[PDB]
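Two forms of the same protein chain are encoded below as structure tokens; each is given separately, as structure 1 and structure 2.
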Structure 1
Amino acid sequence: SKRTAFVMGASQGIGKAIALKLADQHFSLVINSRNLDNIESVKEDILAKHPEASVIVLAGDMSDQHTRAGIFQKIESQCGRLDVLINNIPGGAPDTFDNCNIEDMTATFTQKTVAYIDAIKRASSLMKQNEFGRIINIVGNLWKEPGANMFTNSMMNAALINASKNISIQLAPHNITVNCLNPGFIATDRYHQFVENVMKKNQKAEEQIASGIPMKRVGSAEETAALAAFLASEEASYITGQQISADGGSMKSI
């Protein structure tokens, strides 16, 4: 089967690892990030490793509603189908209960949560046409346990888990699965940030972070991509509405 997968925010980190892995598994790829050079560099990496691969680059801000429509129109025109969606867009600027404001909170809501929901809407239309879809929402662990320095991102994570569940029920009769993948601590540029964004006090801030992880280490982007890829496979046909963490045991709650 020649399945087609759309992976956004794929120029680095979790998105890039998912792209490389889906390529290794012979998916036709549509890939996206904002920076054109950086996402092109990924298509090169894939081609270099898989010269016979099919990879289409659609750069652009996936948080922007009109861009989203445009990227999905291009997908339908140039692909004719869509089998897999990887929803992967960063949350908003960190905020707290004390400093949150309606403007920033509104922007955070629209830029991740609304974007995912809209992307699912447009992806699912294509997916229904061939009665097959796999949707993996990259969300996060703040959804169950917030979240002091991520006040709005935590509540938006909870919203997204709740919406994905709802959507999964609606899309299930069409053989479209909808699952959430919640990374814990994964070594990307966003985590290497955190190691500093907290160093605010004193590299051995990571020994501190790793302590709270039962596995006692930060996970790799590929460890996260292994889960995404399994969820995207045809054999994961009876798994939907799930929230699955790749967090080395970090969630102490069932």
Structure 2
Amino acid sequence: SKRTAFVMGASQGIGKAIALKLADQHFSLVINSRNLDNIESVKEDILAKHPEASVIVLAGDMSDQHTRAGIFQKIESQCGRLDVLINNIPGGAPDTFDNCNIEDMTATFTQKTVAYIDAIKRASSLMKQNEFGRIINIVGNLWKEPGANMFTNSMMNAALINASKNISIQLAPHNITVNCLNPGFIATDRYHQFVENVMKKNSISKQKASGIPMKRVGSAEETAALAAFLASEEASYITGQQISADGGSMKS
């Protein structure tokens, strides 16, 4: 109850499952969605179980700088603190080395990688005030070999893992942990569904159905359990880690 958690992308998929789990753990929640679609029912689902739960809905696209800045000012004003940050923004459209282009690469760098780093900067400022923080970055590949069809996203993931480890070292003295969580492929996440659709199309290489994209299958609830453990008071010594929860049996 005392601890406050900010969950991005909470209207569906990965973010929704994490928000629900953290509420079962009695965090006060700030939940965000690009728009107010569906996010209401997440709040209701939460109040259904915990009528006395605190849930604040802040809409807006966390990929926009000025918006991101405005959300954190609102968290500081309305909550007065922040203990947990779930960085959760989709990467860009699938691309290949062959078809990548500068406009789209720059856009996707800015929309996810920069957004996560800036969010961490702003969140850690609030976290330091109470000498406690948990930063969980949702970062990972959906397929066993992402390079082929998720070229730009794979390189951004690598950058994030590197930045996260470096940030973990800087924030440790303030009891703030920073970990990356790879959920693998989440069938209930709309971005994952979108990526899957494009790759089914792209993977058709012979007239009749060895180079077939294999999902690293995850689960929103499994990812949510891990995120909740990492956010807990019993995970204070776990930082600068990358942990994958993508250990479901992989499928075409």
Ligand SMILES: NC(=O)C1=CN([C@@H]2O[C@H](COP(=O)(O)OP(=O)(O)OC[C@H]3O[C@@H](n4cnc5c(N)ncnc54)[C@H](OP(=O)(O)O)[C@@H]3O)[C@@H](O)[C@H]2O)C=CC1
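Counting starts at 1 with the first residue of structure 1 and goes up one by one along its sequence. Each form is matched to the other, and the largest set of C-alpha atoms that superpose within 1.5 Å is called the rigid core.
**Q** The form deposited with the named molecule bound: 1 or 2?
**A** Of the two, structure 1 is the form deposited with the named molecule bound.
**Q** Kindly specify the one residue in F151, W143, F72, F132 whose Cα moves by 2 Å or more between the two structures, with superposition done on the rigid core.
**A** One residue passes the 2 Å cut-off, namely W143.
**Q** Does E196 move appreciably between the two structures, meaning a CA displacement of 2 Å or more on the superposed rigid core?
**A** Yes, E196 moves 2 Å or more.
**Q** Quick check on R217: with the core superposed, does its CA move 2 angstroms or more between the two structures?
**A** Yes, because once the rigid core is superposed, the C-alpha of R217 moves 2 Å or more between the two structures.
**Q** Does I186 shift between the two structures by 2 angstroms or more at the C-alpha, the core having been superposed?
**A** It does shift by 2 Å or more.
**Q** By how many angstrom is the Cα of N35 displaced between the two structures when the rigid core is overlaid?
**A** So the C-alpha of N35 has moved 2.1 Å between the two structures.
**Q** Would you mind giving the Cα movement of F230 between the two structures in Å, after fitting on the rigid core?
**A** The shift comes out to 0.3 Å.
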